[PDB]
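A.B. asks: partial complex here, more coming in a sec:
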Amino acid sequence: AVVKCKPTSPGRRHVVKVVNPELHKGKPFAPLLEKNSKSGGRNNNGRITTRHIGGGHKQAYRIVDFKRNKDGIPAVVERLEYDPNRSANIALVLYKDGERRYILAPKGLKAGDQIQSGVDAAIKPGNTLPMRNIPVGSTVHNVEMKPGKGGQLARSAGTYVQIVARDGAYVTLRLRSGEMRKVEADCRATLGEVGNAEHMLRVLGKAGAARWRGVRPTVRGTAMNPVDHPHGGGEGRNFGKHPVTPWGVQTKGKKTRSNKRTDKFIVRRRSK
Amino acid sequence: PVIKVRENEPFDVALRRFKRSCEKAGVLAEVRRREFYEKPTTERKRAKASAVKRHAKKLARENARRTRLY
Amino acid sequence: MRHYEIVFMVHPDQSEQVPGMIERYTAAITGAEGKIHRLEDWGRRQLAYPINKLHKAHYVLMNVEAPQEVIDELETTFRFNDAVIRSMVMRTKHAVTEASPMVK
Amino acid sequence: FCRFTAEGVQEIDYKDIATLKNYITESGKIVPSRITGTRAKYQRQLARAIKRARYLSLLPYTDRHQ
Amino acid sequence: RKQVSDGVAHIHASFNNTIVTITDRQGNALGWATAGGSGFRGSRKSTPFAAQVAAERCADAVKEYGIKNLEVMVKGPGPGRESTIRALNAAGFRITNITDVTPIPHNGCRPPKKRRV
């Protein structure tokens, strides 16, 4: 549920927690953990290549199963868990043959639930089937783009995709951005919407929360000196420039998609 | 209001059937009414007025117009 | 147990699949202790207006006494099976076993 | 005249397209009770039946070409 | 250049204007004419006579195609709705079927608000 924190301090007054008691209060499944050291937005030349990344909490990496290849063997959802590496919640499932695996949790999904990937798999939340098998119109998540590659689209909290059409070897997807995109009908897709939909209702309430999530403070170009940014700095607060990135390319409205290899798949570019 | 002109039917006759069919269907009336949005209150009020006037007129004709006019 | 009355229209190219389908649905109902009060394959029939650009749908009628859970399952099967173009599960009060006007 | 008076019809059946065709016009529209003379309860029943039939493509929604 | 012999006359008869459009039985338009293009504006193009001369003009235009039978589909509430068909018949087609296709909604979109005049 969403819970407004009482204003006992100016730090808590604006905080809104999304608290889900169904999550596992305990340690994660240790075989599926592995190390996940932080970058600080720096590449292999040691240079900051993405600003505003740094610090935050230590985080183990859950090994979530986006491929979803255990076809036929039915699994049962043991428990929902908190994943620090993503907005969505994950689900620890137990396959009849003894293997455990993490999957993205879909909506409504809970402990003891039964799921199945495959072609014969029943059309119900958390089941995974080639998109030719899924009825046209169905809402799907964790959608693959290249057959066998592993779900890439609609992984984030409460996200989903509409299968608006199936013409031959391709399904047309209405992606969450609004974008219409052709995808191979052999691409895998998990039924239903991805869980924790209230994620967006959370309000951090203070600078520290962002810091905890590893987000360093953004400095406005107009605060800087002319040497530092194309928005320089004048006497008082001047601006007079057309807005631009730090590297001098018009911001706000200028399109940047440069990709002729994939335009054939883009049925309609997003709007609004 | 579909009409098909039968064998040895004159054109004027065909036109007459078509007009009659349209009138019976009530297409023109429907379109005219649906030209602008009548408010629900307006629709109710109009209906009430029509009912009252019709009833009153009928009563007046049948029962009130049973006297020597001259 | 609520008396229902199902009528489902099937794609005429899949008309050959209809006997098996009838058997399956009836079997499920019986399995779930559902009675079958009338069962009328009306066959291929001319549609009053074109549905999905195709004419002549294959009509099947089925008056049944079953539980509502099984009715729900049947409805779900109808909706997901890309064979049944239309369906119409409709509650009825009694055992309406007498033959229908379309067969009559 | 009210056809059902001779029966006192037990229930109007949406599958009885033969008689519902008396209660729809050439254009497929439902005939008024005042014009056909149906009793009000029966008229409602018949209207429901016509709607159901239209759903099942037993009757047409309109007089159009197909 | 082509011949078809049998066409459809789509008479769109709004209150302001009449559009006549002769087409092949499939839907492809051959020639059209309006009271506006026929030389009538305002009070004069919203009349039956204007519709009639529009019809005559349309018939002349599709004379190349040599259309002999013709079914007429009348749409909208209009001053012509009759003049056009009369004119067409006079122009000398055999009128086979006359159908009304005025699009009535089944309580759908809200109409615009009432004019206060």
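C.D. replies: Thanks, I have the structure now. Residues are numbered from 1 along each chain as shown, chains lettered A, B, ... in the order given.

A.B. asks: quick one: contacts for the residue nearest to residue C:32 when sequence neighbours are not counted?
C.D. replies: Take residue C:32 and drop its neighbours on the chain: the residue closest to it by C-beta to C-beta, 6 or more residues apart in numbering or on different chains is residue C:70, 4.3 Å away. To be clear about C-beta, it is placed using only N, CA and C from the backbone, and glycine gets the same treatment. Counting by C-beta atoms under 8 Å, 6 or more residues apart in numbering or on different chains, residue C:70 makes contact with C:28, C:29, C:32, C:34.

A.B. asks: what about burial for these, which qualify?
C.D. replies: C:29, C:34 (16 or more other C-beta atoms under 10 Å in any protein chain shown).

A.B. asks: and the helix or strand where residue D:50 lies, what other elements does it pack with?
C.D. replies: In this structure, residue D:50 is located in helix D:40-55 according to DSSP states H and E. Where contact means 3 or more C-beta pairs under 8 Å, 6 or more residues apart in numbering or on different chains; DSSP states H and E, helix D:40-55 is packed against helix D:17-20, helix D:33-36.

A.B. asks: run the last query once more with 10 Å
C.D. replies: If contacts are counted by 3 or more C-beta pairs under 10 Å, 6 or more residues apart in numbering or on different chains; DSSP states H and E, helix D:40-55 sits against helix D:4-7, helix D:17-20, helix D:33-36.

A.B. asks: which of the helices or strands spans the residue nearest to residue C:32?
C.D. replies: helix C:68-80.

A.B. asks: which SSE is immediately downstream of that helix?
C.D. replies: The element immediately downstream of helix C:68-80 (helix or strand, assigned by DSSP H and E) is strand C:84-87.

A.B. asks: residues in contact with the most centrally placed residue in chain A?
C.D. replies: Chain A has residue A:156 as the residue nearest its centroid, 2.9 Å off, counting by C-alpha atoms, centre = their mean. Listed by C-beta atoms under 10 Å, 6 or more residues apart in numbering or on different chains, the contact set of residue A:156 reads A:86, A:87, A:88, A:104, A:141, A:176, A:194, A:196, A:199, A:200.

A.B. asks: residues contacting the second one?
C.D. replies: In this structure, residue A:87 makes contact with A:155, A:156, A:157, A:158, A:159, A:194, A:195, A:196, A:199, A:200, A:202, judged by C-beta under 10 Å, 6+ apart.

A.B. asks: okay, chain F goes in next:
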Amino acid sequence: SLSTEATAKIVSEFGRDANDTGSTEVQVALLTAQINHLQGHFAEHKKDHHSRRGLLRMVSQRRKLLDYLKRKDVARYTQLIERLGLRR
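C.D. replies: The block that follows adds chain F to the chains above:
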């Protein structure tokens, strides 16, 4: 609503006789059962105000009846509300 057989069972339990239906205890029991049954429905459908009106009427009737019992015969009242587990 409450099924016929269930109603009969309630009548038999609290009814002096199986043809007794008007007895206060029976009436209270029937109301209580109906109210309990409807709890699930209203949990599901919080905006069903009309139905909740009906439920409220049931509650009021039960209260009035219970009050009548209290003034008339205290022992019966005490036993009944212990049997049913109703506050006051």
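
A.B. asks: check the contacts of residue C:70 one more time with chain F there.
C.D. replies: Contacts of residue C:70 (C-beta under 10 Å, 6+ apart): C:1, C:4, C:25, C:28, C:29, C:31, C:32, C:33, C:34, C:64.

A.B. asks: so residue B:31 touches residue E:76, yeah?
C.D. replies: Yes. Shown here, residue B:31 and residue E:76 form a contact pair, counting by C-beta atoms under 10 Å, at 7.3 Å.

A.B. asks: more neighbours: which of the two?
C.D. replies: With neighbours defined as other C-beta atoms under 10 Å in any protein chain shown, residue B:31 and residue E:76 compare such that residue E:76 has more, 21 against 17.

A.B. asks: how near is the more buried one to residue B:19?
C.D. replies: To residue B:19, residue E:76 is 15 Å away according to C-beta to C-beta, to the nearest Å.

A.B. asks: over to residue A:148?
C.D. replies: Distance from residue A:148 to residue B:19, by C-beta to C-beta: 68 Å.

A.B. asks: more neighbours: which of the two?
C.D. replies: A direct count of neighbours by other C-beta under 10 Å for residue A:148 and residue B:19 places residue B:19 higher, at 15 against 10.

A.B. asks: tell me the contacts of the closest residue to residue C:3 other than its chain neighbours?
C.D. replies: Distances taken as C-beta to C-beta, 6+ apart put residue C:92 closest to residue C:3, at 4.4 Å, once the chain neighbours are dropped. Going by C-beta under 10 Å, 6+ apart, residue C:92 touches C:2, C:3, C:4, C:5, C:37, C:63, C:64, C:65, D:11.

A.B. asks: can you report phi and psi for residue C:92?
C.D. replies: phi -140, psi 150 (degrees, to the nearest 10).

A.B. asks: go on, residue E:21?
C.D. replies: phi -140, psi 120.

A.B. asks: now do the contacts for it.
C.D. replies: Residues in contact with residue E:21, defined by C-beta under 10 Å, 6+ apart, are E:7-12, E:29-34, E:58, E:62, E:73.

A.B. asks: next SSE downstream of the host helix or strand of residue E:58?
C.D. replies: Using DSSP H and E, residue E:58 falls within helix E:48-61. Downstream of helix E:48-61, the first helix or strand assigned by DSSP H and E is strand E:69-75.

A.B. asks: could you say what helices and strands that following strand packs with?
C.D. replies: By 3+ C-beta pairs under 10 Å, 6+ apart, strand E:69-75 packs against helix B:11-25, helix B:27-33, strand E:6-13, strand E:18-24, helix E:83-91, strand E:94-100.

A.B. asks: extra chain here, label it RNA strand G:
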RNA sequence: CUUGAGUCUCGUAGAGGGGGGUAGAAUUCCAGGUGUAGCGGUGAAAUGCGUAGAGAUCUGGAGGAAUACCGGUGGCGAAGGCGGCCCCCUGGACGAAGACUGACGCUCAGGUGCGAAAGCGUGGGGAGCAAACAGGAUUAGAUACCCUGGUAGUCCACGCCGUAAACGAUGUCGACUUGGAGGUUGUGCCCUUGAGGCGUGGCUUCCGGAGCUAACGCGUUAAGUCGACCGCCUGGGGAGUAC
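C.D. replies: The block that follows adds RNA strand G to the chains above:
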């Protein structure tokens, strides 16, 4: 004690409420075919759209909202209100015969709940319409009416608001008092001889007697004759305003 009030049994009609599916018509937009100079609009124009191919016409697709005919001074609901079809959950009214309880009732200051539309918060959605706004007309002016556009909003979820000519301008409950013509929904008898004859309940529309009323009018659904309880009024303004 059983006549008021309630319970049980069996049926009945109903846009009563909540949830979930679905259908067809139509508008809009998108892509494509045909096709060519107009379309649109008005009292008359112009803005607008169209030779970058519109409007018209056929095909396919997307999406939202609302349910033609039936439809009715018809029905249901305490009121607000409720209108395609299907299912699931669910409240009330009414009739039939009985059986049961045995005054358990009526009204209600405070209190509590429900309460159109507009409006507000958060998150969606957005076809049509359309406050604001823009341009075109009209005009002495035109911050309007008319025209072309058009954003909040109208829709959905969950909260708030808490008001309307929320009206029957008519508080609730009960009893009594001449009639006529209907509508709707039960039910008893009559051979239903036919759609039909004679009853008996419920809700409902109009007309009208006595009586009442300032009159208008109301008139067995009273504004008649009475009883219980509540709410409210005491010249117009100031003012349902200030604190």
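
A.B. asks: let's see what packs on helix D:40-55 again after adding RNA strand G.
C.D. replies: The contact analysis (3+ C-beta pairs under 10 Å, 6+ apart) places helix D:40-55 against helix D:4-7, helix D:17-20, helix D:33-36.

A.B. asks: ok, and for that helix, which residues are buried?
C.D. replies: Quick answer for helix D:40-55 (16+ other C-beta under 10 Å): D:42, D:43, D:45, D:46, D:47, D:49, D:50, D:52, D:53, D:54.

A.B. asks: ok, the second one - contacts?
C.D. replies: Meaning residue D:43. D:2, D:4, D:12, D:23, D:30, D:31, D:32, D:33, D:34, D:36, D:37.

A.B. asks: out of these, what pair is the most spread apart?
C.D. replies: Pairwise distances across the contacts of residue D:43 peak at 18.5 Å for D:12 and D:34 (criterion: C-beta to C-beta).

A.B. asks: higher neighbour count, those two?
C.D. replies: Remark: of residue D:12 and residue D:34, residue D:12 carries more neighbours, 20 against 8, as counted by other C-beta under 10 Å.

A.B. asks: helix, strand, or coil at the more buried one?
C.D. replies: Put simply, residue D:12 is coil when judged by DSSP: H, G, I helix; E, B strand; the rest coil.

A.B. asks: just the closest of the contacts of residue D:43 to chain C, please.
C.D. replies: Distance to chain C across the contacts of residue D:43 (C-beta to the nearest C-beta) is lowest for residue D:12, with 11.0 Å.

A.B. asks: who's in contact with that closest one?
C.D. replies: D:4, D:19-20, D:23, D:38, D:42-50.

A.B. asks: and it, how far from residue D:18?
C.D. replies: 12 Å.

A.B. asks: repeat that for residue F:55.
C.D. replies: 47 Å.

A.B. asks: and those two? Which one has more around it.
C.D. replies: residue F:55 (18 against 10).

A.B. asks: ok, the more buried one touching residue F:45?
C.D. replies: No. Under the criterion of C-beta under 10 Å, residue F:55 is not in contact with residue F:45, lying 11.2 Å apart.

A.B. asks: count the neighbours of whichever residue of chain B sits closest to RNA strand G for me.
C.D. replies: Residue of chain B nearest RNA strand G, by C-beta to the nearest atom of the strand: residue B:51 (3.6 Å). Using other C-beta under 10 Å, residue B:51 has 10 neighbouring residues.
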